[PDB]
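**Q**
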Ligand SMILES: CCCCCCCCCCCCCCCCCC(=O)OC[C@H](COP(=O)([O-])OCC(O)COP(=O)([O-])OC[C@@H](COC(=O)CCCCCCCCCCCCCCCCC)OC(=O)CCCCCCCCCCCCCCCCC)OC(=O)CCCCCCCCCCCCCCCCC
Ligand SMILES: CCCCCCCCCCCCCCCCCC(=O)OC[C@H](COP(=O)([O-])OCC(O)COP(=O)([O-])OC[C@@H](COC(=O)CCCCCCCCCCCCCCCCC)OC(=O)CCCCCCCCCCCCCCCCC)OC(=O)CCCCCCCCCCCCCCCCC
Ligand SMILES: CCCCCCCCCCCCCCCCCC(=O)OC[C@H](COP(=O)([O-])OCC[N+](C)(C)C)OC(=O)CCCCCCCCCCCCCCCCC
Ligand SMILES: CCCCCCCCCCCCCCCCCC(=O)OC[C@H](COP(=O)([O-])OCC[N+](C)(C)C)OC(=O)CCCCCCCCCCCCCCCCC
Ligand SMILES: CCCCCCCCCCCCCCCCCC(=O)OC[C@H](COP(=O)([O-])OCC[N+](C)(C)C)OC(=O)CCCCCCCCCCCCCCCCC
Ligand SMILES: CCCCCCCCCCCCCCCCCC(=O)OC[C@H](COP(=O)([O-])OCC[N+](C)(C)C)OC(=O)CCCCCCCCCCCCCCCCC
Ligand SMILES: CCCCCCCCCCCCCCCCCC(=O)OC[C@H](COP(=O)([O-])OCC[N+](C)(C)C)OC(=O)CCCCCCCCCCCCCCCCC
Ligand SMILES: CCCCCCCCCCCCCCCCCC(=O)OC[C@H](COP(=O)([O-])OCC[N+](C)(C)C)OC(=O)CCCCCCCCCCCCCCCCC
Ligand SMILES: CCCCCCCCCCCCCCCCCC(=O)OC[C@H](COP(=O)([O-])OCC[N+](C)(C)C)OC(=O)CCCCCCCCCCCCCCCCC
Ligand SMILES: CCCCCCCCCCCCCCCC(=O)OC[C@H](COP(=O)(O)O)OC(=O)CCCCCCCCCCCCCCC
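Structure (structure tokens):
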């Protein structure tokens, strides 16, 4: 008599697809209709604490990323102090600063190489 | 021309499958209830935990973020 | 100023009694950075701070003046201990390093991994 | 071992309408745009279409369903983000599924569904491995659905209905 | 916290006896008594070794104070002991007995046979014994008497090899294990091997960090699996466990955090201990190939 | 709290589980089987052969009964069982923890 | 079953007999008892390894149990004194040995199991 | 059976609503920040510009299947199709296509291509080769029959996703029981053989090449019933 | 729900001796009045004896030796 597309039969099948046939009618359900409220709250709290810790590790300790994937492009970071001066003054000062930076790198390298005998 | 081929062996496999007993399926149906089981990615939701993480990282940036030294390598 | 990486700001060398007073762990006492370490420890004692603050502060906050000398000394100490300043040069250019041997002792045995054939 | 053997079916002359959505009752996505209710329902379904596309969840919002008893084939008009499409299904390949089964088929957490998506009346085509979802605000033809060819006494198969789709 | 070898030996025997009682808690069953007796026999062997080492120390130096022994052993390093037919180095023999007892109590390869059977104890007792209480006695001995082992040829050769072998063995057996308590026990064996290898590297700070991380997270994981077993009605095998995330929501997430920390995984508090161990690993060993391969396999 | 007076073991009824529920669950399990034709004909006094359970089908039904009832049944007991009455009696009187 | 396989110094042959059939001397059993006990043991082991196992496949479990059921029906039909029946018994005993798992799950409702005798019950005396 | 209503301080479904993220229940109400609510409320999305963008710039309805019967284009003017793979074929195609982008890209981008290759080699030999690659090599994308030749044309996915078709005589086809190959290739069937049918394996005796058919593949009744294949 | 009868005395089953306690097995049995047990449990009984156990152990550990060799070679050439 009944046919598919009948709402009552569809509801019956939806509720009975995964039923426990060995149980009495009205109590033949297998799913849990809820989750322990206090347990879930505490679990989510501790999970959030762990996630925050992992993220802080990722952020402040990128050593794993550096040694596993290499150094990625760094977002721009600079100061606009040089814009205060303009013209030949700016050009000469910029060239002097560039020369000083290169000389500083070389000075660091040579100092590291030379200072091997500082500690007697 | 009387040669066993795809159709013949498809029928053989269908017959083999039909020979199974539904008793085991009936007793085990409860195991695979969709209302009762999910996947680890679905259960472990990072939506709000990531929001708290962002709040904490923002607080760090605006409290101790100033006093850090760039390390280029 | 213009002092070597092992000397501190005051160019003062602490005696054994002073080291015992400002007791220094053997790990640091073994190295050459005791003179730069002691001022940093004294500054931390004068201005105690939490471990969270120590981790999250990249300039050591109040004790930055002494930490600069200590950090320079630590860099030089560790670099000379592991010979990294020569190993990195050989890694960067083995051929040129052999051409003008930075250290034949290390060059004669150095062999970069086949996987790292950049 | 179930094999997808095709029978090359064809439509008959006079179909019998079984499903007709009260919304989207007009013909054409242009008519849906010009109709107030159709436009808002389309916007609410936009996440449904997004789930169809990016989450690889095979599902279709079905409207204006007809039945051909001579060949026993259902003609479904489905609404997608682009327009109305016509599809044909064989009754032998159509089985009912629970709403939770429909949700759990996809491994991605689906967006919060709208309130007009009929959860009880969700069906599954095994040949296409696809889901059909109807609209709550709709009209069902009682005489059409009470056709002898649609009876469970003829379309029922325990192994197919209960054991064919095991999501786990 | 022992001030002299006599108090150390007293504490050694006391932990042995109390661990025996905890293992034999189910006194009505004689099956539990067999595991308890196995642990008791191994503990008595370790007591013999420790007692003999203490006797050698007392005969050499007329003192049992720990600080005095640590600050005096270097003077007597050059001495030898005339035994039955061989002239054994004094430091080598003393360190041999100490390392033997330490291996027995830390469940290294060969002497670990009792640890899997000690899981008969209730989960709290198992967690306490396997986290930082019973299985770290050898690590404590090595750390406390480090000046002795620094001048020990036997220690130099034996600590890294046995540590790495135990690490590999425990790691693989734990990976292939199917029972929760057995898995944790074999993981404990592997981490004790890693602790031995860290001490071999010789950075006491790294050893202490490894000990703390392992103890805390092993204990937490043990508690979580105990809740799981209690829910599952004392069935400790997860072949009968499935879909427990909803029935034990807190346990699932707590176990996730505790396990990611315990098993050294990237971007976790437990990655640095293994990183430092590999940083400190020495390369002058003759069996370095086997040592390094075993360490890598155990770590993975 | 237990009274200070001497109290003896109280064997209320030999059944440690509701025998009616045990019997109904066992009958449902039996009816689930393919060889079983008429669930109505099954009674506690009905023998396995007459209800239609073959000797080989019996072991399958008993394994699933063990799974359902959370107990293990020895081969000796399973072979001693002669009717659904005996089966349900043994299962109900069984202490699930032995 | 007493579940005392790993205790009382059983030899491998005795343990195999205990696993396949409830008895240590299967010769005392008759044909029906032998076949039924072996079928029960095979089904129990297949359920343990392919239902309550590591990433178990239920379709494979169904196919395997169906094949085993057909084979055991043929075995029961066969006469006791047949080399074919002997071959079937040897095949399934070998299967039991292959699936033998040290530290296999022992139900708490059986004697000699873990937690079997944790408590001493005081008598009315 | 539920007695929560008997107590005023007992938990409620309003208190359990927060579990809908981790628990699957049919929708009850729409929050203000749901995608559906946002789209239906904000008038920007109602603009014909956005509507036309949705209509055009996305997956088309033309490629959507419209029937349970499929008649793919004939490979040869006289051939007729029998079997065709729908989803696993596309998945294998897209996987093997990675060799045309990841591999040259890896060579031109990675600092240590030799390190990448040394890592990939053992990865391929364990858990990848048997997992996907051998199954794809033996996978049958499509099968047609040429009656004049009395042959079967089989389409296969090659390296970098290239598709190639080969002919095999119907007289050289045999059925290989899964029992004869399970022990030989346990690992292959253990980790990679799930997609294809285990009990419907065929092989060409002359060339010793196997044919794997997808479980979720479409077969033609007429093609199966053609006298050449019966 | 059901009112269970008091815990069964059957939970501890009295053990009745049916075999002579040989003096050659003195202290080789963990004597008990309910569940007597052998002093040593052999779970890996599929191995007939220790010698076959050694053979199986070495044959299977060959795989781990190969794994160690491959890992060391990879680290050695890199
Ligand atoms: C002028 C206006 C300009 C507007 C610009 C808008 C730009 C939007 C850019 C979007 C970019 C993509 C985002 C993707 C998110 C999802 C990713 C994902 O799940 O993939 C993994 C997915 C698997 O993950 P899954 O869990 O299974 O996915 C399930 C669902 O995704 C279901 O996922 P779920 O729900 O489980 O979680 C997903 C979640 C992921 O979200 C996160 O993880 C982010 C967490 C927050 C980070 C906040 C950082 C900044 C703030 C830091 C803290 C500041 C503190 C300030 C001080 C506070 C003091 C108290 O998605 C979001 O990001 C949501 C947006 C964040 C909203 C809340 C932000 C905070 C607001 C302020 C606080 C108040 C909060 C509410 C109240 C709380 C209680 C009081 O893998 C895939 O397969 C991906 C396939 C591709 C899917 C694509 C679907 C979207 C397609 C969009 C196409 C483009 C449309 C363009 C329209 C243009 C119209 C004009
Ligand atoms: C200064 C130079 C000094 C050089 C010194 C060289 C010293 C060489 C010593 C060789 C000692 C051989 C001892 C053989 C004992 C046999 C015992 C017996 O009869 O057992 C029966 C028993 C079978 O009876 P069953 O009843 O069927 O067993 C039941 C099982 O359940 C059944 O188990 P199942 O079927 O489930 O699986 C078992 C599976 C187990 O899986 C495997 O066996 C595969 C993995 C094997 C790994 C072997 C070790 C890898 C290398 C480690 C080296 C460490 C030391 C050096 C470190 C240097 C570091 C710088 O094995 C197989 O079935 C495959 C059979 C083929 C295995 C490979 C045989 C290789 C023989 C040697 C060939 C050498 C050719 C040299 C050509 C030179 C040309 C210039 O045997 C087995 O089960 C297989 C045992 C296989 C042992 C292989 C040992 C090979 C050692 C090679 C060392 C090469 C060193 C080179 C140094 C070069 C320096 C420059
Ligand atoms: C004295 C100084 C005290 C400093 C305290 C520093 C705290 C550092 C915390 C670090 C992270 C560790 C988290 C541990 C667990 C707690 C978090 C948690 O459980 O998250 C999961 C929870 C929920 O996880 P969920 O995803 O399972 O929950 C979903 C269900 N609902 C929607 C109901 C939440 O996360 C959140 O609720 C997100 C919170 C985001 C906002 C964070 C800031 C809140 C600020 C409140 C005070 C505002 C005062 C304003 C005063 C105005 C005066 C005019
Ligand atoms: C019962 C409740 C009790 C109270 C609860 C208290 C909660 C926990 C509070 C923790 C406060 C400290 C947070 C430190 C964050 C990490 C800092 C860091 O990366 O160190 C860099 C510092 C800065 O060092 P540096 O820059 O001077 O030099 C480092 C040297 N080299 C470069 C060679 C490495 O580095 C270290 O000292 C080493 C740290 C190694 C460990 C990294 C762990 C990362 C994960 C952090 C988890 C934090 C807890 C969880 C989230 C809490 C959110 C509130
Ligand atoms: C009913 C009462 C129940 C008991 C309540 C007890 C509450 C305890 C709350 C804190 C516990 C967890 C502390 C964080 C984890 C340890 C952190 C650590 O390692 O130390 C780092 C830090 C050490 O300091 P630091 O790390 O910030 O660095 C110090 C900096 N220098 C070195 C320069 C000085 O310690 C702590 O933060 C822990 C708290 C301080 C110690 C408090 C001890 C006294 C407690 C007084 C209360 C007594 C209550 C008695 C109740 C009796 C009931 C019967
Ligand atoms: C010691 C010796 C060591 C040797 C190590 C060797 C390492 C290098 C190996 C080289 C592999 C070369 C692969 C060739 C791939 C094509 C093969 C083929 O015929 O396939 C045709 C296939 C199939 O052709 P078809 O004819 O079947 O169909 C055409 C395409 N479809 C299917 C879509 C219709 O076509 C392609 O895949 C075309 C790929 C074109 C793009 C190829 C390069 C992509 C990567 C560019 C560089 C990296 C990104 C840079 C981004 C920069 C941004 C600013
Ligand atoms: C030269 C001959 C041809 C070589 C072809 C390349 C190898 C085979 C194809 C590999 C495709 C996968 C590339 C993933 C790139 C991920 C980002 C990265 O680290 O790239 C730079 C790095 C290398 O760039 P690099 O050399 O500049 O990095 C610096 C060097 N290290 C990292 C060692 C410090 O990529 C790799 O390390 C790839 C190693 C080979 C992987 C082989 C396959 C196993 C992985 C399966 C695929 C999925 C992996 C997902 C990984 C996700 C993140 C953990
Ligand atoms: C050859 C190159 C040099 C390196 C030499 C070593 C080669 C790699 C050796 C890897 C051995 C790993 C053994 C893991 C055993 C896990 C057992 C377990 O728990 O059960 C199975 C568990 C699954 O447990 P389960 O419970 O989910 O299901 C079990 C199902 N049954 C029982 C049916 C099997 O995990 C696995 O299955 C994964 C292990 C198998 C796949 C191994 C892939 C190895 C890839 C190697 C990549 C090498 C990269 C290059 C660099 C390497 C050197 C630096
Ligand atoms: C040339 C070859 C020489 C070989 C010499 C080998 C000597 C040592 C042999 C081992 C046993 C020694 C006697 C102690 C027996 C203890 C039995 C016991 O407690 O049973 C519990 C257990 C039995 O329990 P079980 O493990 O079978 O089961 C219990 C666990 N459950 C409950 C899970 C089942 O005994 C054993 O397993 C063996 C214990 C071995 C460790 C013994 C430690 C003491 C070692 C003393 C060495 C003395 C050397 C003297 C000089 C020799 C000169 C050759
Ligand atoms: C030193 C080599 C370093 C690695 C080089 C990688 C090259 C990749 C491009 C290969 C192109 C040709 C493929 C030929 C296919 C074929 O028909 O291959 C057929 C061959 C020959 O047949 P048989 O060996 O089965 O008899 O099969 C092989 O197994 C040998 C070739 C193996 C090629 C494997 C390519 C995939 C590598 C995957 C790496 C791990 C995963 C990486 C992330 C996705």
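Protein chains in written order, with the entry's author numbering: chain BS, 6 to 125; chain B3, 11 to 83; chain BW, 3 to 120; chain BE, 22 to 189; chain AA, 301 to 600; chain AW, 36 to 133; chain AQ, 2 to 126; chain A6, 22 to 251; chain BC, 27 to 104. Every residue gets a Cβ at the ideal spot worked out from N, C-alpha and C, and that includes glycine.
Check whether the Cβ of residue 123 (chain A6) sits closer than 8 Å to any heavy atom of ligand 10, and report yes or no.
**A** As a first step, residue 123 (chain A6) must be located in the eighth chain, where it is residue number 102. Within the cutoff, so yes.
**Q** Pull up the distance between the alpha-carbon of residue 81 (chain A6) and that of residue 61 (chain BE), whole angstroms please.
**A** Looking up residue 81 (chain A6) in the eighth chain gives position 60. Looking up residue 61 (chain BE) in the fourth chain gives position 40. In a straight line, the C-alpha of residue 81 (chain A6) is about 22 Å away from that of residue 61 (chain BE).
**Q** With DSSP as the reference, identify every bridge partner of residue 44 (chain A6), one or two as the case may be.
**A** Within the eighth chain, numbered from 1, the residue matching residue 44 (chain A6) stands at position 23. Paired residues: none, contrary to the question.
**Q** Considering only residues of the same chain and omitting the five flanking positions on each side of residue 92 (chain BE), which have a CB-CB separation below 8 Å?
**A** Translated into the one-based positions of the fourth chain, residue 92 (chain BE) becomes position 71. The residues are 30, 31, 32 and 33.
**Q** Can you tell which of 362 (chain AA), 309 (chain AA) and 467 (chain AA) has its C-alpha closest to the C-alpha of residue 498 (chain AA)?
**A** The residue given as residue 498 (chain AA) occupies position 198 in the fifth chain. Out of 362 (chain AA), 309 (chain AA) and 467 (chain AA), 467 (chain AA) has the C-alpha closest to the C-alpha of residue 498 (chain AA).
**Q** Would you identify the three-state DSSP class for residue 240 (chain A6), choosing helix, strand or coil?
**A** Here residue 240 (chain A6) refers to the residue found at position 219 of the eighth chain. In this structure, residue 240 (chain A6) counts as strand in the three-state DSSP scheme.
**Q** Could you give the uninterrupted runs of the beta strand (DSSP E) lying entirely in the region 153 to 214 of chain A6, keeping only those of 3 residues or more?
**A** As far as the region 153 to 214 of chain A6 is concerned, its whole beta strand (DSSP E) runs of at least 3 residues are 163 to 167, 172 to 178, 184 to 190 and 194 to 196.
**Q** Taking only runs that begin and end inside the region 422 to 448 of chain AA, name each unbroken alpha helix (DSSP H) of 4 or more residues, in chain order.
**A** Qualifying alpha helix (DSSP H) stretches, in chain order: 423 to 428 and 437 to 444.
**Q** Please classify residue 346 (chain AA): is it buried, with 16 or more other beta-carbons within 10 angstroms of its beta-carbon, or exposed?
**A** As a first step, residue 346 (chain AA) must be located in the fifth chain, where it is residue number 46. So residue 346 (chain AA) ends up on the buried side.
**Q** Find the residues of chain BC that neighbour residue 115 (chain BW), judging by a C-beta separation of less than 8 Å, and give them in chain order.
**A** Within the third chain, the letter at position 113 stands for residue 115 (chain BW). Chain BC residues near residue 115 (chain BW): 103 and 104.
**Q** With H, G and I counted as helix, E and B as strand and the rest as coil, what does DSSP make of residue 565 (chain AA)?
**A** Translated into positions along the fifth chain, residue 565 (chain AA) becomes position 265. In the structure shown, residue 565 (chain AA) sits in coil (DSSP, three-state: anything other than H, G, I, E or B).
**Q** So with CB distances below 7 Å, who are the chain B3 contacts of residue 180 (chain BE)?
**A** As a first step, residue 180 (chain BE) must be located in the fourth chain, where it is residue number 159. Simply 32.
**Q** Assuming residue 290 (chain AA) and residue 364 (chain AA) form a contact by the criterion Cβ under 8 Å, report the distance between their Cβ atoms to the nearest whole angstrom.
**A** Residue coverage of chain AA in this structure runs from 301 to 600, which leaves residue 290 (chain AA) outside it and unanswerable.
**Q** Check whether chain BE comes within 9 Å of residue 238 (chain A6), counting only Cβ atoms and requiring the distance to be less than that.
**A** Taking the eighth chain and counting its residues from 1, the one referred to as residue 238 (chain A6) is at position 217. Yes, residue 238 (chain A6) counts as interfacial toward chain BE.
**Q** Under 8 Å: does the beta carbon of residue 331 (chain AA) sit that close to some heavy atom of ligand 9?
**A** Within the fifth chain, the letter at position 31 stands for residue 331 (chain AA). Yes, ligand 9 has a heavy atom inside 8 Å of this Cβ.
**Q** Give a single yes or no on whether residue 99 (chain BC) has its beta carbon closer than 8 Å to a heavy atom of ligand 8.
**A** Here the question's residue 99 (chain BC) lines up with position 73 in the ninth chain. Indeed, a heavy atom of ligand 8 lies less than 8 Å from the Cβ.
**Q** Under 9 Å, CB to CB, which of the residues in the region 131 to 147 of chain BE have a partner in chain BS?
**A** Listed in sequence order: 140, 141, 142, 143 and 144.
**Q** So, helix, strand or coil for residue 74 (chain BS), using DSSP?
**A** Locating residue 74 (chain BS) in the first chain gives position 69, where the first residue counts as 1. Residue 74 (chain BS) falls in the helix class under three-state DSSP.
**Q** Output, in chain order, the set of chain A6 residues within a Cβ distance shorter than 8 Å of residue 61 (chain BE).
**A** Numbered from its first residue, the fourth chain carries residue 61 (chain BE) at position 40. The answer, in chain order, is 61.
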